[PDB]
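**Q**
Protein chains: 2
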Amino acid sequence: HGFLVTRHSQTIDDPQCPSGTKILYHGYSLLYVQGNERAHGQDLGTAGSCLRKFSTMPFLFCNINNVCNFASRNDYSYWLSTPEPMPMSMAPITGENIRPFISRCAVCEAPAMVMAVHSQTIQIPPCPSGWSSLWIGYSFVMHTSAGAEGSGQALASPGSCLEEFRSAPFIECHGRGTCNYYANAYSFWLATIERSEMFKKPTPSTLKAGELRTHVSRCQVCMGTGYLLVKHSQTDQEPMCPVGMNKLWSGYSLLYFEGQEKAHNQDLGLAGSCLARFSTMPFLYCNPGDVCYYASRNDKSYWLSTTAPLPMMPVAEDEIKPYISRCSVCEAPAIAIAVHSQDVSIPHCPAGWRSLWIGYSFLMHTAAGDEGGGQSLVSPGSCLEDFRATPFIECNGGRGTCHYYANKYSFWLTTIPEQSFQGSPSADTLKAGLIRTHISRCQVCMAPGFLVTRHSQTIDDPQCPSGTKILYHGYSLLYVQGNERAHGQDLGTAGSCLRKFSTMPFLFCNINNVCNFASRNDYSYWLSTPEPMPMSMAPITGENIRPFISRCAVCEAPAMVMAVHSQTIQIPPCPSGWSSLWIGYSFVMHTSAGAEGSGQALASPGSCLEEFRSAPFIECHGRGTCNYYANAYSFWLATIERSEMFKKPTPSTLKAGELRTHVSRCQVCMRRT
Amino acid sequence: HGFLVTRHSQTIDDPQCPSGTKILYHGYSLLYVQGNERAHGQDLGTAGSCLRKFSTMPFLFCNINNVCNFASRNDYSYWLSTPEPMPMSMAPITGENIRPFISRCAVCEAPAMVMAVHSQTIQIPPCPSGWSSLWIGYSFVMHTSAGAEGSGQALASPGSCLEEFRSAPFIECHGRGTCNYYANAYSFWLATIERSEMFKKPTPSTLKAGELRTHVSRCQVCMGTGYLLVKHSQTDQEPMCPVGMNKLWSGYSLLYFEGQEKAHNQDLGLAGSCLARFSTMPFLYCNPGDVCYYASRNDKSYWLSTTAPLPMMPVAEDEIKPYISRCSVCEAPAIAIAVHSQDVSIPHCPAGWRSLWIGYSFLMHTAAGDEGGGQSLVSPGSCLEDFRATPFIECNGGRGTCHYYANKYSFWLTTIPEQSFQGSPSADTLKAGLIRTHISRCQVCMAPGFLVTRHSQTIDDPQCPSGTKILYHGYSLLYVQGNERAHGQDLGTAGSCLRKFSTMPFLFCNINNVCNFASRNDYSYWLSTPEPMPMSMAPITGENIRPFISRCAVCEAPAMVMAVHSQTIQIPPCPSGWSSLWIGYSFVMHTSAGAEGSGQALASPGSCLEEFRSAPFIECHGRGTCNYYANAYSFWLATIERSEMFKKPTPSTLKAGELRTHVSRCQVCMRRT
Ligand SMILES: [Cl-]
Ligand SMILES: [Cl-]
Ligand SMILES: [Cl-]
Ligand SMILES: [Cl-]
Ligand SMILES: [Cl-]
Ligand SMILES: [Cl-]
Ligand SMILES: [Cl-]
Ligand SMILES: [Cl-]
Ligand SMILES: [Cl-]
Ligand SMILES: [Cl-]
Ligand SMILES: [Cl-]
Ligand SMILES: [Cl-]
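Those sequence lines, one after another, are chains A and A'. A prime marks a further copy of an entry chain. Here the first sequence stands for residues 4 to 676, where the numbers follow the authors' numbering. Here the second sequence stands for residues 4 to 676, where the numbers follow the authors' numbering.
#1: Determine the direct distance from the alpha carbon of A':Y305 to that of A':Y255, and round the result to whole angstroms.
#2: Do the CB positions of A':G162 and A':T49 come within less than 8 Å of each other?
#3: Please name the residue or residues paired with A':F168 in a DSSP beta bridge.
#4: Sort out for me which residues DSSP pairs A':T544 with in a bridge.
#5: Have a look at A':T594 and A':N634 and give me their C-alpha separation to the nearest angstrom.
#6: Find the nearest neighbour of A:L165 within the set A:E397, A:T9, A:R626, A:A274, judged by alpha-carbon distance.
#7: Given that A:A151 touches chain A', what residues does it touch there, using C-beta distances under 9 Å?
#8: DSSP three-state call for A':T217: helix, strand or coil?
#9: Please work out which residues of its chain come closer than 8 Å, Cβ to Cβ, to A':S382, disregarding the five sequence neighbours upstream and downstream, and give them in chain order.
#10: Less than 7 Å separating the Cβ of A':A497 from some heavy atom of ligand 1?
#11: If distances are taken between C-alpha atoms only, which option among A':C295, A':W134, A':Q45 comes closest to A':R169?
#12: Let me know the beta strand (DSSP E) ranges lying completely inside the stretch 488-571 of chain A', each 3 residues or longer, listed in chain order.
#13: Cutting at 6 Å between CB atoms, please list the residues of its own chain near A':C352, excluding the five before and the five after it.
#14: Let me have the residue list for ligand 12: C-beta closer than 5 Å to any non-hydrogen atom, ordered along the chain.
#15: Considering only DSSP beta bridges, list what A':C277 is partnered with.
#16: Counting contacts by CB-CB distance shorter than 8 Å, is A:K204 in contact with chain A'?
#17: Quick check on A:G51: does DSSP put it in helix, strand or coil?
#18: To the nearest angstrom, how far is the alpha carbon of A:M60 from that of A':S331?
#19: Using a C-beta to C-beta distance shorter than 7 Å, which residues of chain A' count as neighbours of A:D373?
#20: Could you please give me the residues that DSSP links to A:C108 through a beta bridge?
#21: Can you give the Cα-Cα distance for A:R668 and A:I586, rounded to whole angstroms?
#22: Is the stretch 397-413 of chain A touching the stretch 362-381 of chain A in the sense that three or more CB pairs, one from each, lie closer than 8 Å?
#23: Would you say A':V483 faces chain A, with C-beta separation under 8 Å as the test?
#24: With C-beta atoms as the reference, is A':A606 less than 8 Å away from A':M565?
#25: With a cut-off of 8 Å on the beta carbons, I'd call A:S583 and A:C467 a contact; round off their distance for me.
#26: Kindly say whether A':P542, judged by its beta-carbon, lies nearer than 8 Å to any beta-carbon of chain A.
#27: Do the CB positions of A':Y297 and A':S208 come within less than 8 Å of each other?
#28: Please name the residue, chosen from A':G580, A':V567, A':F590, that lies closest to A':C53 on a Cα-to-Cα basis.
#29: Taking 6 Å as the limit between beta carbons, can you name the residues of its chain near A:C512, skipping five residues before and five after?
#30: Residues bridged to A':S136 by DSSP?
#31: Following a CB-centred definition, is A':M507 positioned closer than 7 Å to any heavy atom of ligand 11?
#32: Give me the chain A' residues within the contact set of A:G401, using Cβ-Cβ distance strictly less than 7 Å, ordered along the chain.
#33: Could you tell me the distance, in whole angstroms, from the CA atom of A:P394 to the CA atom of A:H235?
#34: Starting from the beta carbon of A':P654, find every residue of chain A whose beta carbon is closer than 9 Å, and list them in chain order.
#35: Taking only three categories from DSSP, how would you classify A:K203?
#36: Residues of chain A' with CB closer than 8 Å to the CB of A:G292, please, in chain order.
Now the structure itself:
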């Protein structure tokens with residue numbers, strides 16, 4: 004069916020594909036990139052973390068004036084690293100001296116899906132019954148470096164299970180060709196939690212060389228038939244698995260971690276959002292000097308919550324339990340997806356598809372600072388059965404307490420009374436019994452196969468590619484920005500294809516159970532068409548917006564689909580056993596207002612746009628206006644010569660007529676069945 | 004008395020000192036720097052914006068392991084620029100080709116204080132009666148570039164009045180030696196506002212070459228005897244000036260602007276916080292292509308507010324007026340300062356000092372996103388007569404509406420029952436009649452002369468320097484971090500010298516009139532002593548914190564004091580007419596948790612620390628713990644060879660025994676009287 008597993012050696016040698024899997028290609032271990040000071044990661048369990056060609060600057064950026072710049076500002080790349088020591092000078096490494104520092108990786112095709120399980124103890128967690136073992140490791144969850152930017156791993160992804168513990172598991176590289184370790188490069192790991200300690204104030208620990216792994220959770224990567232379904236009860240009782248679905252485990256509903264004031268979220272539809280053991284501080288962090296700190300600074304955790312009444316002051320220890328939502332992870336015979344109506348009407352499941360539950364369209368959230376995160380709209384995690392203005396609670400780390408604070412926001416897709424296009428939303432403030440008719444509805448449904456999403460980048464619906472069948476058409480949503488926090492929908496997922504357009508397709512709700520729609524200064528971003536910008540350069544409003552918005556198709560596929568990238572001007576061939584759906588250009592990330600943005604998974608078809616555009620997306624506002632602004636940046640994978648991988652990038656500024664000469668090419672492929 | 008004015012030519016030629024002033028030195032126009040992705044600006048009206056030696060990397064950073072790195076990561080510097088065109092290649096500029104792009108400046112000594120006034124029309128505002136004119140210009144307020152980081156000008160500073168309008172008034176440089184213009188380099192200007200339009204929804208305008216200056220406010224820089232006192236009524240009536248103080252103007256209480264999701268604040272004790280004409284969008288912005296946008300995106304403004312009752316929905320147009328606090332700017336015979344008690348007791352004014360009012364210690368604020376700002380604790384702007392859990396209102400730009408949202412926080416210095424040292428704060432949640440006894444009190448008092456603040460960086464009180472007299476001693480506060488936003492107290496100001504220490508010297512209050520003290524995950528930062536870090540490297544608690552905290556003295560001076568910096572290993576001589584108070588090392592900025600931080604004004608004695616330390620400050624938490632963490636970074640001005648100013652910086656990594664070889668030296672000087 005085309006499942007993939009990616010393995011990282013954390014040495015200069017290629018890792019072997021785990022028993023029962025077969026090699027597709029090898030590469031270098033890409034952790035994340037940082038462009039215009041915004042980080043965008045690649046999950047280490049996915050093929051996008053494995054790049055065939057290294058470079059300290061593997062991407063470039065383009066502006067709306069059709070000018071692209073390569074290695075010509077101040078951007079970063081980050082790579083998993085080897086045991087190689089820092090040179091005694093502690094000065095940045097350049098050229099071929101970089102090579103001994105970069106981890107290698109393997110992309111392998113598995114016969115069945117692959118996941119990680121975590122013990123939250125020093126013991127190895129066993130694989131689920133009937134699942135086969137691929138490797139064991141240490142629970143790696145997130146990381147931060149320059150600017151305290153960073154990214155993290157999904158806790159059910161193999162990428163959260165590193166086979167070698169390192170206080171310094173990654174190295175920082177710069178567009179100018181330098182790489183080094185820096186004292187603020189932090190690695191975050193799941194900590195060991197005793198069941199008896201779950202609802203006690205954490206005992207802080209400062210750990211040094213020789214005792215570090217004593218507090219690091221262990222993991223095992225496992226392969227098994229079927230798929231995973233995750234349910235969150237939003238109550239203090241574990242949910243029941245649907246009829247016929249064996250339960251793997253129950254736990255506590257984890258929404259996100261905050262380390263160094265940087266959120267790292269778990270998708271509520273994935274098993275990483277269901278943690279078996281609760282703590283107000285379930286992780287620790289290490290600096291590169293082999294010193295780790297558990298519950299010894301000012302970090303926090305966030306959990307989906309129950310209807311337990313708002314406390315007057317923070318709750319401590321065992322008073323926390325009634326507040327924490329519970330979850331169950333279940334073995335499913337097919338992949339569950341969410342469908343959203345953007346309407347008062349509940350959306351029906353497609354004909355023949357088994358329905359699992361009905362809910363409300365939960366999109367994103369913010370709390371302390373402007374940190375937060377959001378859900379994938381094709382994930383069941385975006386469909387909460389119970390609407391709640393405040394669906395999560397904050398747990399303040401080493402304090403051992405949890406509380407509701409006034410800056411907690413939830414964001415929900417809105418109902419839209421128009422059949423499909425809302426260019427001029429009307430602001431409103433909603434309370435009490437007037438809220439729910441403005442919250443989009445959803446249903447979670449079991450799909451018979453797989454989904455491929457395609458974007459025309461024109462006003463015309465795209466055709467479904469060969470071997471796939473249309474499910475629905477819509478508009479190309481790139482990301483949203485709520486309360487100054489950006490949240491994307493991967494362009495390879497059905498969440499980037501919305502049946503209804505609005506310049507403001509969401510609203511937000513506060514601790515006082517008041518919701519505000521199109522009343523503040525929030526944004527939506529959409530892939531756009533070749534429609535020329537107006538000569539006036541003034542914002543576009545209302546019905547005049549329609550010619551600018553790209554259309555999309557969501558299609559049913561008989562097998563899995565992926566993107567591969569050449570990092571050259573040549574088209575990369577599809578892997579053996581895979582056939583071609585389309586070709587395009589390697590699209591990595593983007594920023595716009597406030598330098599916020601999002602990006603694509605490099606193994607996702609969403610990182611392979613069929614039409615190169617220096618300005619591939621348009622910015623819209625709750626005010627009912629859209630425009631192209633001069634700070635809209637698109638980032639693409641750069642072309643790299645194998646012989647020059649480790650040499651200093653040669654900076655280049657490209658103009659119209661030579662843009663696509665330095666843009667990596669890609670192909671989208673589906674496993675032949 | 005030693006007043007200074009700084010002028011920027013915006014060309015390659017030295018500007019002339021304005022009539023009635025005399026030249027001290029010339030240099031290059033430094034706008035801001037960015038280190039570890041955090042921006043720190045120098046107000047263009049101050050001598051710290053005028054650096055004798057240019058470099059694309061004029062600073063270095065040091066970590067707690069006594070290792071310093073120069074031009075060896077990925078940092079930035081920004082400079083006011085000339086009319087020089089971009090090269091046709093649009094590729095980064097290097098080497099001597101940079102020189103034609105950098106503005107020159109002059110630092111001049113004035114016989115009296117200097118300010119800017121703004122018309123908010125296309126007409127030149129007249130100088131106040133009895134004030135003499137120095138130059139006229141255009142109202143320049145803030146700017147953003149890479150990462151949408153940036154900084155801005157105080158609206159009563161000459162730095163807010165640029166003599167030449169430019170859509171692209173500054174250029175971006177990098178540690179690697181490159182400089183260029185980028186499409187996201189935004190300049191923000193005060194807009195023209197008709198009195199009849201003040202409380203109407205803004206009319207958006209997209210402006211192109213040939214009509215840009217039609218919407219740009221004009222300004223005049225003026226010199227006059229005496230000082231300025233600013234009062235905010237916190238009501239819809241203008242405050243009366245104190246007896247004997249002539250009123251210059253009345254206006255509306257401006258707290259901050261938000262452009263590109265980056266706050267730029269006005270000090271509530273300075274005349275820039277009193278804007279004569281209100282608008283929900285009082286500024287516009289330009290990109291470097293000579294295209295400007297007024298009320299055409301998603302920016303906002305924030306104002307001090309009244310007791311007008313919380314509206315159920317946003318208020319529009321003329322319903323806004325009852326909500327906006329009013330202000331008056333008054334001519335004062337001496338400089339008013341705030342003194343804070345950190346106690347239930349109201350602090351008395353020093354003997355002989357005229358008292359102006361009594362209030363509560365207002366420290367900082369956050370609202371949309373995590374943006375916000377704060378007050379200087381020696382400024383009367385930190386002493387609000389009326390405590391308010393929500394002392395400001397948000398105005399949503401081009402919507403033309405204002406509202407109170409649930410994520411608005413105010414932060415206040417706390418009362419502390421200990422005589423001077425609180426190492427273990429006890430968390431509490433406060434409501435209704437139990438709040439006010441926990442809010443520090445203040446009094447605003449007219450000082451007979453000037454103030455100099457000195458830090459011992461030891462547990463011993465420093466001596467007041469020659470020619471000054473002790474006023475009080477305290478502890479060295481570097482900055483605070485509330486709701487993930489950092490807010491500093493310049494080390495050359497009395498606000499960095501607090502009579503009482505706490506790991507959590509503040510609390511925050513929410514829209515529901517509930518205050519939370521030491522209950523979440525906030526921070527305070529203090530200059531520290533030579534006390535060794537514990538071998539255990541574990542956090543320090545309670546009374547054990549005392550040996551680590553630096554002491555300070557606030558002293559009365561007969562004249563103004565400044566810092567000068569050599570950018571070499573040699574001590575810079577005091578200017579002619581000025582005598583030496585102490586020598587030290589050029590200290591620019593710092594970051595710690597979350598890569599947040601603050602910095603010093605380079606003309607302030609706070610940028611001249613007498614003891615160089617790679618780890619000059621310690622991090623404390625509301626939990627009652629303090630520690631040195633590996634991501635604590637100190638940034639210092641680097642040494643620069645005049646012949647190599649425009650050449651590529653040579654990167655250097657320095658170890659113990661050679662740290663001070665690349666650290667600029669400074670001297671603190673007082674005008675002889
Ligand atoms: Cl770069
Ligand atoms: Cl470092
Ligand atoms: Cl912690
Ligand atoms: Cl709160
Ligand atoms: Cl909005
Ligand atoms: Cl723009
Ligand atoms: Cl650098
Ligand atoms: Cl650009
Ligand atoms: Cl605007
Ligand atoms: Cl709100
Ligand atoms: Cl706290
Ligand atoms: Cl640390």
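All C-beta atoms in this analysis are idealised placements derived from N, C-alpha and C, irrespective of residue type, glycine included.
**A** Taking the coordinates as given:
#1: Going by the C-alpha atoms only, they are around 11 Å apart.
#2: Yes, the pair counts as a contact, with Cβ atoms nearer than the cut-off.
#3: According to DSSP, A':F168 shares a beta bridge with no other residue.
#4: A':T628, per the DSSP bridge assignment.
#5: A':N634 has its alpha-carbon roughly 8 Å from the corresponding atom of A':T594.
#6: A check of alpha carbon separations from A:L165 across A:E397, A:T9, A:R626, A:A274 identifies A:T9 as the nearest.
#7: Chain A' residues near A:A151: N39, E40, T594, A596, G597, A598, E599, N634.
#8: Three-state result, A':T217: helix.
#9: Closer than 8 Å at the Cβ level, and outside the excluded window around A':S382, lie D270, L271, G272, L273, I340, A341, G498.
#10: Answer for A':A497: no, Cβ out of range of ligand 1.
#11: Among A':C295, A':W134, A':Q45, the Cα nearest to that of A':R169 belongs to A':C295.
#12: For the stretch 488-571 of chain A', whole beta strand (DSSP E) runs of length 3 or above, ordered along the chain, are 488-491, 509-512, 517-520, 526-530, 554-560, 564-568.
#13: Counting only Cβ-Cβ distances below 6 Å, and skipping sequence neighbours, we find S358, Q446, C448.
#14: Checking every Cβ against the heavy atoms of ligand 12 under 5 Å gives A:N290, A':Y632, A':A633.
#15: A':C277 is bridged by DSSP to A':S256.
#16: False, the Cβ-Cβ gap to chain A' never drops below 8 Å.
#17: Helix.
#18: Rounded to the nearest angstrom, the two C-alpha atoms are 54 Å apart.
#19: Against A:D373, the close residues of chain A' are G372, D373, in the order they occur along the chain (beta-carbon pairs closer than 7 Å).
#20: DSSP lists A:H11, A:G30 as the beta-bridge partner residues of A:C108.
#21: Whole-angstrom Cα-Cα distance: 8 Å.
#22: Proximity of the stretch 362-381 of chain A to the stretch 397-413 of chain A meets the contact definition, three or more beta-carbon pairs being nearer than 8 Å.
#23: Not an interface residue.
#24: Yes, the pair counts as a contact, with Cβ atoms nearer than the cut-off.
#25: Incorrect: roughly 14 Å between the Cβ atoms, too far for contact.
#26: With 8 Å as the cut-off, A':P542 counts as an interface residue toward chain A.
#27: The Cβ-Cβ distance between A':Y297 and A':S208 falls below 8 Å.
#28: If we check each option's Cα against that of A':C53, A':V567 comes out closest.
#29: Excluding residues within five positions, the ones whose Cβ falls inside 6 Å are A392, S413, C518.
#30: A':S136 pairs with A':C225.
#31: It does: the Cβ of A':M507 is within 7 Å (strictly closer) of some heavy atom of ligand 11.
#32: Correct list: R626.
#33: For A:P394 and A:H235, the distance between alpha carbons rounds to 11 Å.
#34: Those are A94, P95, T181, listed as they occur along chain A.
#35: Annotated three-state conformation of A:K203 is coil, per DSSP.
#36: Chain A' residues near A:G292: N68, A633.
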